[PDB]
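S.K.: Make a model of this:
(one chain, ligands or ions: 2)
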Amino acid sequence: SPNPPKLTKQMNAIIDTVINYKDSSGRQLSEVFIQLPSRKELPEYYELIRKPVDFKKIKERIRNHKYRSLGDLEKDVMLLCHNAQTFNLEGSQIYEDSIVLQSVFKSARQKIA
Ligand SMILES: CC1(C)c2cc(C3CCNCC3)ccc2-n2c1nc(=O)c1c(Br)cccc12
Ligand SMILES: [Zn+2]
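M.R.: Residues are numbered from 1 along each chain as shown. Ligands and ions are numbered 1, 2, ... in the order given. Please find the structure below.
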């Protein structure tokens with residue numbers, strides 16, 4: 001099992017849709033989640049978050065064929081949104097952002113596979 005091209009294209013498309021998504025207001029919800037903060041700017045995050053992941057890492061994993069399925073991919077997206085729900089205050093915009101991105105990923109997953 002190496003990963004067929006179509007799987008890899010699918011994932012990229014899905015994760016591309018999540019990243020480029022904008023709300024009605026025109027805003028791109030993912031922007032903050034693309035890169036993990038520095039251990040200098042936000043050391044508490046890395047005390048508080050067991051397994052840190054950003055959208056850059058997810059793309060690394062797709063490119064390097066490390067997800068064996070769409071469901072392995074999804075498990076890293078939900079970790080991302082979960083890390084974001086853990087660290088950020090409930091009802092904060094980042095917290096709410098992560099929940100919509102969960103949703104956007106699921107929709108993308110059906111419109112694409
Ligand atoms: C909102 C917060 C804490 C954050 C702040 C900053 C900056 C802003 C400007 N001043 C310094 C810090 C950067 C990155 C992130 N970030 C955050 N929460 C996440 O959940 C998260 C995830 Br899953 C993946 C990647 C980054 C994340
Ligand atoms: Zn390859």
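S.K.: Looking at this structure, which helix is longest?
M.R.: Identified as the longest helix of the chain according to DSSP state H is helix 93-112.
S.K.: So which bits of the protein are right by ligand 1?
M.R.: Contact residues (CB under 6 Å from any ligand atom) of the chain with ligand 1: 32-33, 36-37, 41-42, 45, 54, 80, 83-84, 87-88, 94. From N, CA and C alone the C-beta is placed, and that goes for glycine too.
S.K.: Residues contacting the host helix or strand of residue 74, please?
M.R.: Per DSSP states H and E, residue 74 falls inside helix 70-87. Outside helix 70-87, the residues within contact range by CB atoms under 8 Å, 6 or more residues apart in numbering are 7, 10-11, 14-15, 18, 33, 45, 48-49, 51-55, 57-58, 61-62, 67, 94-95, 97-99, 101-102, 105, 109, 113.
S.K.: Using CSV, list the CA coordinates for it.
M.R.: What follows is helix 70-87, C-alpha atoms only, in CSV (Å, rounded to 0.1, in the frame of the first residue of the first chain):
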residue,chain,number,x,y,z
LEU,A,70,-9.5,10.0,4.4
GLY,A,71,-10.4,9.0,8.0
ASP,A,72,-6.8,9.2,9.1
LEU,A,73,-6.7,12.7,7.6
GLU,A,74,-10.0,13.6,9.4
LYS,A,75,-8.5,12.4,12.7
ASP,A,76,-5.7,15.0,12.3
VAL,A,77,-8.1,17.8,11.3
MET,A,78,-10.3,17.1,14.4
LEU,A,79,-7.2,17.0,16.6
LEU,A,80,-6.5,20.5,15.2
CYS,A,81,-9.9,21.8,16.0
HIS,A,82,-9.8,19.9,19.3
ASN,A,83,-6.5,21.4,20.3
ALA,A,84,-8.1,24.8,19.4
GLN,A,85,-11.1,24.1,21.5
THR,A,86,-8.9,22.9,24.4
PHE,A,87,-6.6,26.0,24.5
